[PDB]
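Asks: Sending over a structure as structure tokens; questions will come in a sec.
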Amino acid sequence: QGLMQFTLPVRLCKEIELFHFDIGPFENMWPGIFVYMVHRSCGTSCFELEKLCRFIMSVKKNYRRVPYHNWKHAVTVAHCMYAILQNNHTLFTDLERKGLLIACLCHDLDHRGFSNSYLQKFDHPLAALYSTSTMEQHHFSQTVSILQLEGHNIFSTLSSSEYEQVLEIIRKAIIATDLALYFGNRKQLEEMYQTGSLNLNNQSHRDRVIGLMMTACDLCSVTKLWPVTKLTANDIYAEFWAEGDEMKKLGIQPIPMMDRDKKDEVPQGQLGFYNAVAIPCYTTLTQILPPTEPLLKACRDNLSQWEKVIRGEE
Ligand SMILES: Cc1ncc(C)n2nc(CCc3nc(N4CC[C@H](C(F)F)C4)nn3C)nc12
Ligand SMILES: [Mg+2]
Ligand SMILES: [Zn+2]
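With the authors' numbering, the residue at position 123 of the sequence shown is 579, and numbering never jumps.
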């Protein structure tokens, strides 16, 4: 068992270390890619291989066949986390390394392709059970479910309190993927960085830094090669526009983001998004973790590609 290191073909073995890596269209290799990432950022010791394989496959089963919030997104977001963890070797604890790749794999579990807002206006049962971060509290809830299935406790070797710390890291990490919470979280971090109050030994500071990392991994489609960025945007809008249709079915005008009638304004919508969300996100993250700069650089390159689309040059 212990002498069994997962290895990847040469092009993957090299490119998986880069922020901009695309996990590819071969579904059946994504589990191997994830285990490869856990082994290298954590050790072959972190998890019993049989248990982790059974956990990876139960997680996969519990993502749905929606255009964007799907199993490929889960593995994409984990690979970004893996790049961050490997470019900041010594800044993170053994538990953080363990908890965060799992958090990323699990962070959109059982997503239905609809925003918290649509669940609230539809009056979905999840919206009574969880008034804020509706889907994100569901995602953590599903994570705990899969962990408690026979033969799925990958954290079995942890002490009662180490186990509690790691489930607490996953919960806070998954909650942070609620983009409503990101704005405030980044503002606080900007201020603490600049007044020089930012302290990585302050647990509530680390928490904030991990939440910014989670937003960064979650938005990582904007840090890819242009053709990956552009084709992921089509999946993103395919969800948003179905939500827009469902909003109209309830007798509600959707926000412009979700109206397929406003297809032509996508380039301008992306600009706003890169300016309002992505750039500030990767800027503040680069300030706090200097070696994540390639994400900011790749983000600025894609903003510049959407500007070209608007100018009729693409
Ligand atoms: C790439 C990416 N990654 C992650 C996330 C969550 N998002 N969210 C978006 C949507 C961005 C957006 N599009 C619009 N539209 C376009 C047409 C409308 C116009 F007519 F008004 C307004 N507004 N905004 C804000 N892109 C991404
Ligand atoms: Mg989500
Ligand atoms: Zn996500």
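Here a beta-carbon is modelled for each residue, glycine too, at the ideal position from N, C-alpha and C.
Is the separation between the beta-carbon of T740 and that of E646 shorter than 9 Å?
Replies: Closer than 9 Å, so yes.
Asks: How is the alpha helix (DSSP H) around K628 delimited, first residue to last?
Replies: First-last of the alpha helix (DSSP H) with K628: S616 to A632.
Asks: If we require 4 or more residues per run, which alpha helix (DSSP H) segments fall completely within the region 735 to 770?
Replies: The region 735 to 770 contains these whole alpha helix (DSSP H) runs: 735 to 744 and 749 to 766.
Asks: For the alpha helix (DSSP H) that contains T688, what are its first and last residues?
Replies: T688 -> alpha helix (DSSP H) spans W682 to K705.
Asks: Which class does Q542 belong to by DSSP, given the choice of helix, strand or coil?
Replies: Reduced to three states, the DSSP call for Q542 is helix.
Asks: In angstroms with no decimal places, state the Cα-to-Cα distance between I489 and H495.
Replies: Straight-line Cα distance between these residues: approximately 10 Å.
Asks: Where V515 and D564 are concerned, what is the direct C-alpha to C-alpha distance, given to the nearest angstrom?
Replies: Looking at the two C-alpha atoms, the distance is approximately 10 Å.
Asks: Report the rounded CA-to-CA distance for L603 versus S589, giving the unit in angstroms.
Replies: Distance between the alpha carbons of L603 and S589: 21 Å.
Asks: Considering only heavy atoms of ligand 1, does any lie closer than 8 Å to the CB of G707?
Replies: Not under cutoff, so the answer is no.
Asks: State whether the region 751 to 761 contacts the region 670 to 684, with contact taken as three or more CB pairs (one from each stretch) at a distance under 8 Å.
Replies: At 8 Å Cβ cutoff, the stretches touch.
Asks: Is any non-hydrogen atom of ligand 3 found closer than 8 Å to the C-beta of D564, if you look at the structure I gave you?
Replies: Indeed, a heavy atom of ligand 3 lies less than 8 Å from the Cβ.
Asks: Quick one: any contact between the region 624 to 631 and the region 702 to 719, if contact means 3 or more CB pairs under 8 Å?
Replies: These segments do not touch.
Asks: Should the region 549 to 566 be called in touch with the region 619 to 626, which here means at least 3 C-beta pairs below 8 Å?
Replies: A contact exists between the region 549 to 566 and the region 619 to 626.
Asks: Quick check: does the Cβ of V533 come within less than 8 Å of any heavy atom belonging to ligand 3?
Replies: Yes, the beta carbon of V533 sits closer than 8 Å to at least one heavy atom of ligand 3.
Asks: Drop a sphere of 10 angstroms on the beta-carbon of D550, count the other beta-carbons inside from all chains shown, and report buried for 16 or more, exposed for fewer.
Replies: So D550 ends up on the exposed side.
Asks: Determine the direct distance from the alpha carbon of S497 to that of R467, and round the result to whole angstroms.
Replies: When rounded, the distance between both Cα atoms is 19 Å.
Asks: Do three or more CB pairs link the region 592 to 612 to the region 529 to 537 at distances below 8 Å?
Replies: Counting Cβ pairs under 8 Å, fewer than three are found: no touch.
Asks: Is any non-hydrogen atom of ligand 1 found closer than 8 Å to the C-beta of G569, if you look at the structure I gave you?
Replies: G569 Cβ: outside cutoff for every heavy atom of ligand 1.
Asks: Roughly how many angstroms separate the alpha carbons of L582 and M591, rounded to a whole number?
Replies: One C-alpha to the other measures close to 8 Å.
Asks: What span of residues does the alpha helix (DSSP H) with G640 cover, start to end?
Replies: It spans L635 to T651 - the alpha helix (DSSP H) in which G640 sits, taken as one unbroken run.
Asks: Look at the alpha carbon of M485 and the alpha carbon of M493, and state the distance between them as a whole number of angstroms.
Replies: Computed Cα separation, rounded: 12 Å.
Asks: I think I610 touches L508, with their Cβ atoms under 8 Å apart; what is that distance to the nearest whole Å?
Replies: At roughly 5 Å, the Cβ-Cβ gap stays under 8 Å, so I610 and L508 are in contact.
Asks: If you check the beta carbons only, do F511 and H580 fall under 9 Å apart?
Replies: No.
Asks: Is residue 426 near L745, with beta carbons less than 9 Å apart?
Replies: The structure shown does not extend to residue 426, since the chain is modelled only from 457 through 770, so no value can be given for it.
Asks: I'd like to know whether the C-beta atoms of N758 and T685 end up nearer to each other than 9 Å.
Replies: Cβ atoms of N758 and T685: closer than 9 Å.
Asks: Please find out if some non-hydrogen atom of ligand 3 comes closer than 8 Å to the beta-carbon of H529.
Replies: Within the cutoff, so yes.
Asks: Count the other C-beta atoms from every protein chain shown that fall within 10 angstroms of the C-beta of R767, then say buried if there are 16 or more, exposed otherwise.
Replies: That one is exposed.
Asks: Pick from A694, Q659, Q650 and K577: whose alpha carbon is nearest that of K705?
Replies: Considering only alpha carbons, the answer is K577.
Asks: Using the Cβ count rule (16 or more neighbours within 10 Å means buried), how would you classify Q457?
Replies: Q457 should be labelled exposed.
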